[PDB]
Amino acid sequence: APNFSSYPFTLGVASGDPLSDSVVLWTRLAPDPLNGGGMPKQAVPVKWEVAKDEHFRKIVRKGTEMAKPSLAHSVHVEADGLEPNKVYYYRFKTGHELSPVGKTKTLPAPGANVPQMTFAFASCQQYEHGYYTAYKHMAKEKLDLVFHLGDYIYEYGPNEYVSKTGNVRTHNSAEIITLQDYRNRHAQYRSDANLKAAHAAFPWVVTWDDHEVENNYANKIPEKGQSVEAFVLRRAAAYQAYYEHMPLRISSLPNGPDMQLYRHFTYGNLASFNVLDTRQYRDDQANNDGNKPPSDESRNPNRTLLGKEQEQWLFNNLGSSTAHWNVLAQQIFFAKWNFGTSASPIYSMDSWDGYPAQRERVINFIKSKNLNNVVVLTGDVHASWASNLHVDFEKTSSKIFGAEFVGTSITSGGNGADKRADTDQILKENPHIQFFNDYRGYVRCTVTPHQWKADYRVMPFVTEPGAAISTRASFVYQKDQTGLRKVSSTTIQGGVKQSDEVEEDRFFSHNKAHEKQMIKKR
Ligand SMILES: [Ca+2]
Ligand SMILES: [Ca+2]
Ligand SMILES: [Fe+3]
Ligand code: NA
Ligand code: NA
Ligand code: NA
């Protein structure tokens with residue numbers, strides 16, 4: 001009989017990591033969410049129900065979990081005994097308090113011959129840079145699931161990482177360090193009504209990038225020559241807070257600074273999804289990070305992004321898959337992405353171009369199995385791109401093994417534009433690249449056995465609430481040497497047409513943030 005002085009489900013509900021017979025259900029009791037949750041230091045019973053209908057007359061599964069202080073009174077339920085490829089509704093009750101109703105959906109039975117799948121993927125939602133209008137629109141989509149590919153939170157204090165179009169909202173605290181700091185930052189982001197609606201609408205498959213801990217971290221090495229010892233404690237705090245706020249299974253429970261997040265599942269026989277973790281195990285960025293010429297350092301063949309175990313696990317999944325599609329749901333730019341010239345190349349040291357030997361091992365394995373059904377989903381870069389993936393990244397004449405869809409950010413970077421100052425140059429230098437756009441939004445994918453379609457769903461602005469969404473462009477890939485085909489293209493009403501931004505602005509703006517952090521320590 002817990003009683004509350006304020007409505008406890010301030011962060012809503014969520015579901016995730018669906019399998020054919022179960023799904024994770026999530027909530028958190030947080031009546032005062034930005035001040036640590038406002039809960040007493042005792043375990044609180046939370047009842048849960050799963051039904052076939054939204055009025056809960058046809059309940060199929062129910063139980064009681066004990067929400068505990070040591071996990072910020074979060075609740076993770078693995079609701080099993082469910083049927084495959086079926087929509088369910090779920091809700092929680094604590095004392096007399098009722099959560100919002102959530103909607104979810106189990107996967108098809110393994111090997112089921114499913115004709116179609118629709119999903120969206122998102123990344124990069126800097127709270128200060130704009131409103132979450134993208135998620136208002138996403139919540140109205142008809143999707144089987146959603147992927148989040150990282151930067152679900154950012155770690156900064158206020159007035160540090162400042163958008164070109166202004167910081168319209170403000171982080172709740174100084175730069176986040178402790179478990180409580182991370183919990184409160186997750187609560188700030190998750191309090192947004194639009195994000196909560198998108199969570200209540202679909203099951204999510206999440207994976208993190210850098211800003212869930214700190215900018216451009218690499219395994220246990222923080223950026224800018226900061227302390228490794230302090231960073232390891234910080235990673236443990238960040239990983240715990242992430243678990244507490246995400247609909248993950250119990251095998252993802254962290255143990256100190258370590259946490260199993262990479263994982264695999266198949267959507268019938270249509271698509272095999274490898275959800276990667278390119279932060280937790282990676283070697284340090286070469287050449288002091290940033291955008292630099294390649295070097296013996298960056299080209300060192302021992303350097304890894306995935307780590308040895310994840311690499312082998314991935315090869316095992318790719319080699320044994322009989323699905324129509326093999327998908328890498330991951331964080332960072334995979335295709336060749338030269339910012340310089342052929343003679344004097346310049347590459348992102350934090351992207352796959354910074355880890356070329358690791359990329360070679362993945363491509364060589366894909367070549368060895370003769371695959372041409374590989375799709376890579378990406379975030380991080382705060383703009384939309386699409387590329388044909390060739391078995392030799394230097395030869396457009398080489399065989400196309402797949403495609404990469406790089407999604408823009410939900411908000412990071414501000415209102416943006418259709419085109420930037422360096423767009424024509426980069427496209428010229430990188431002819432495998434078929435698309436650039438710099439408006440905020442997300443990517444919607446529709447998959448059938450012989451065709452993959454990606455729609456880029458974008459808005460003219462995020463600095464004010466209420467922008468309309470449109471499909472800027474749509475591409476289809478059909479597993480042949482013609483690669484990506486543009487099937488739609490529309491100009492965005494009310495959007496800036498061309499800015500003077502260049503890719504280096506993202507690195508520069510993150511470095512200005514760090515400088516401001518240092519100045520604040522006087
Ligand atoms: Ca970064
Ligand atoms: Ca990132
Ligand atoms: Fe980001
Ligand atoms: Na580094
Ligand atoms: Na080495
Ligand atoms: Na920092």
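Here, residue 1 is the first one in the sequence, and each next residue gets the next number. Whatever order the structure lists ligands and atoms in, that order sets their numbers, starting from 1. These numbers come from the heavy atoms of this one structure, side chains and all, not from hydrogens, waters or symmetry mates.
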- Return the name of the atom in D284, of element N, O or S, nearest to the Na ion (ligand 4).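 Going through the N, O and S atoms of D284 one by one, OD1 ends up nearest to the Na ion (ligand 4).
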Salt bridge or not for [X] and [Y], using N-O below 4.0 Å?
X    : Y    : value
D277 : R282 : no
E141 : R457 : yes
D422 : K428 : no

- Query: Does a donor on one side chain sit under 3.5 Å from an acceptor on the other, for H382 and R506?
  - Reply: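 Side chains of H382 and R506: no pair found under 3.5 Å.
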- Item | Contact check: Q285 to the Na ion (ligand 4), N/O/S below 3.0 Å |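 For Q285, the answer is yes, given that an N, O or S atom comes within less than 3.0 Å of the Na ion (ligand 4).
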- Query: With a cut-off of 3.0 Å, does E175 place any N/O/S atom under that distance from the Na ion (ligand 6)?
  - Reply: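 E175 does place an N, O or S atom closer than 3.0 Å to the Na ion (ligand 6).
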- Task: Report yes or no: does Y156 have an N/O/S atom closer than 3.0 Å to the Na ion (ligand 6)?
- Result: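 Here the distance criterion (N, O or S atom, under 3.0 Å) is not met by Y156, so no.
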- Message: To make sure I understand the geometry: which N, O or S atom in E214 is closest to the Na ion (ligand 6)?
- Response: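 The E214 atom nearest to the Na ion (ligand 6), restricting to N, O or S, is OE2.
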- Flag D210 as yes if one of its N/O/S atoms falls below 3.0 Å of the Ca ion (ligand 1), otherwise no.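 Under 3.0 Å: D210 contacts the Ca ion (ligand 1) through an N, O or S atom.
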- Sub-6.0 Å ring centroid separation between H510 and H211: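 Yes, the ring of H510 comes within the 6.0 Å limit of the ring of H211, centre to centre.
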